[PDB]
Amino acid sequence: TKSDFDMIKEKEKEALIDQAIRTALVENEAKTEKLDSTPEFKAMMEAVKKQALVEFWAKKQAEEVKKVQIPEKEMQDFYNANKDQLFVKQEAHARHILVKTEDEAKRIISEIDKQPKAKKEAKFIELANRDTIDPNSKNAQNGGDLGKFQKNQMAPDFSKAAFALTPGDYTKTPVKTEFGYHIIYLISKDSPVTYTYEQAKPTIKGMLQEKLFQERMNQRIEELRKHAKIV
Amino acid sequence: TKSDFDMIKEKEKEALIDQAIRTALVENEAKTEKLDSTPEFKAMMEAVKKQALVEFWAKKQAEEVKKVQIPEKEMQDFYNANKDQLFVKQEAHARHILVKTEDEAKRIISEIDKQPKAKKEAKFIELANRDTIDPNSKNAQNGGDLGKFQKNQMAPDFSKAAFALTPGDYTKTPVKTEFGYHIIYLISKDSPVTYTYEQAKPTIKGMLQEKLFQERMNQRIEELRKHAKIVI
Ligand SMILES: O=C(O)c1cc2ccccc2[nH]1
Ligand SMILES: O=C(O)c1cc2ccccc2[nH]1
């Protein structure tokens with residue numbers, strides 16, 4: 001149906017057409033008022049245009065990369081070289097305590113060292129509630145509990161230390177993070193299980209295509225630079 | 001600085017200009033490749049422009065509305081007619097049970113009814129883990145626990161019944177909501193405090209200005225309808 005000039009294509013259908021009509025009426029009025037000729041409007045339209053030109057070009061390059069056949073050896077070599085970083089699933093449960101100075105940390109660790117086995121985690125819980133400067137933990141008073149997490153979910157040096165422990169054990173030397181020094185207690189830790197090559201393969205193809213696509217974009221962009229007047 | 005013809009408008013800045021340059025290069029190339037001449041691109045631009053026309057029109061109406069001073073008696077009559085519904089602060093802690101059909105709810109309530117008070121809430125908790133159709137509640141298995149909430153956060157019919165209970169008491173007849181039928185147990189409930197007009201003033205003005213802005217859009221749109229050739 002038609003609102004003045006503009007074209008639009010059960011009983012609910014009518015209500016929809018009513019909304020469409022109202023919208024066309026506002027569009028027409030906005031054009032009549034020349035709101036698309038305000039600088040703000042023009043600026044916004046060109047930002048959108050630039051963004052969309054860049055994204056369509058990207059899609060074009062991606063569609064050309066998706067055509068390239070990735071060799072089996074390249075996916076198997078990627079699997080062998082990156083499985084232990086990318087395809088091992090291992091959930092840990094741990095508590096931590098964060099402090100300002102490596103000395104404070106050392107003293108806390110000393111306070112745990114002297115506990116009987118039965119009282120180790122309780123002591124840790126108490127020291128976390130008393131001394132942590134992790135604001136989340138300090139506020140929750142949950143004994144420095146981090147819940148369950150993967151190695152690729154915490155900062156690398158924290159994750160390494162946590163996963164290197166065996167359950168029931170804590171770090172005997174403080175751990176350096178930018179937030180300060182951590183003492184970590186491991187409650188539990190699953191045995192690592194790696195995804196098999198056949199299970200990782202589609203993911204691997206996608207990661208190698210992503211790699212080709214980014215290299216291709218950077219190659220193309222450098223060719224465009226060498227043929228452009230930049231000042 | 002300038003990329004071919006295109007124009008661009010200390011170490012973060014360097015990276016910024018570089019990234020901007022790369023983007024201009026891509027924009028120019030996309031133009032060279034005539035990606036802006038495809039049906040898809042023109043369609044997208046047309047949609048974005050239409051949307052933005054409507055938004056700028058609205059924004060304009062809002063800018064004209066914000067100039068209007070809302071009369072004091074309007075805000076005071078708003079306050080007086082709507083204070084007990086909108087401006088009472090009352091925090092509650094309660095447990096609830098949602099069911100599809102009223103009969104299930106009644107059986108559940110009777111199941112609580114046959115319990116001594118000391119085992120009533122444990123019974124409520126079991127019943128909540130078993131028969132609730134709140135998926136959040138069903139998944140947490142926390143006994144229909146809702147934490148703390150204000151009186152203006154729940155469905156009206158929920159809040160009236162939950163807030164009419166005394167602490168430790170539960171609803172003796174199920175409560176009708178669109179999600180089904182409810183049974184409520186009241187753990188805690190603060191004493192109601194109604195906000196003063198002086199405290200309600202800034203929030204109220206924002207509500208009444210909103211009321212006008214929506215009324216003003218409808219008024220104008222209806223006039224726009226009478227001066228247009230609509231054909232169906
Ligand atoms: O900001 C903090 O307190 C904090 C950092 C951090 C890093 C890894 C694990 C736990 C953590 N907590
Ligand atoms: O959708 C639901 O299950 C649900 C409705 C509702 C109303 C008040 C309090 C809690 C509630 N939960």
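Heavy-atom basis, side chains included; hydrogens, waters and symmetry copies ignored. Below, chain A is the first sequence line, B the second, and so on; all start at residue 1.
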Exercise for review: Output every pair passing ring pair (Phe, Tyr, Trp, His ring centres under 6.0 Å) with a member in residues 2-26 of chain A, not counting sequence neighbours, ordered by first then second residue.
Suggested key: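 Those involving residues 2-26 of chain A do not exist here.
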Review point. What are the two closest heavy atoms between A/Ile230 and B/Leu25, and how far apart are they?
Key: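 That would be CD1-CD1, 4.4 Å.
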Check your understanding: Would you say A/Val26 and B/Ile221 make side-chain contact, with heavy atoms under 4.5 Å?
Key -> yes
Check your understanding: Is it the backbone or the side chain of B/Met217 that comes under 4.5 Å from a heavy atom of chain A, or both, or neither?
Key ->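 Neither part, no heavy atoms under 4.5 Å.
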Exercise for review: Tell me, for B/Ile21 versus chain A, whether the close heavy atoms (under 4.5 Å) come from the side chain, the backbone, both or neither.
Suggested key: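 Contact with chain A is through the side chain of B/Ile21 alone.
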Exercise for review: With a 4.5 Å cut-off on heavy-atom pairs, point out which of A/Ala24, A/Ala30, A/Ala58 contacts chain B the most.
Suggested key: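 Sorted descending by pairs with chain B, the first entry is A/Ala30.
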Interchain donor-acceptor contacts below 3.5 Å (chain A, chain B):
residue  : atom : partner  : partner atom : Å
A/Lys2   : N    : B/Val231 : O            : 3.0
A/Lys2   : O    : B/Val231 : N            : 2.9
A/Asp4   : N    : B/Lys229 : O            : 2.5
A/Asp4   : OD1  : B/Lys229 : N            : 2.6
A/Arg22  : NH2  : B/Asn218 : OD1          : 3.3
A/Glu33  : OE1  : B/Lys60  : NZ           : 2.4
A/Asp36  : OD2  : B/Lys49  : NZ           : 2.8
A/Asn218 : OD1  : B/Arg22  : NH2          : 3.0
A/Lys229 : N    : B/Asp4   : OD1          : 2.7
A/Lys229 : O    : B/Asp4   : N            : 2.4
A/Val231 : N    : B/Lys2   : O            : 2.7

Review point. Between B/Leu224, B/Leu35, B/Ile8, B/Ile17, which residue shows the highest count of heavy-atom pairs closer than 4.5 Å to chain A?
Key: B/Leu224
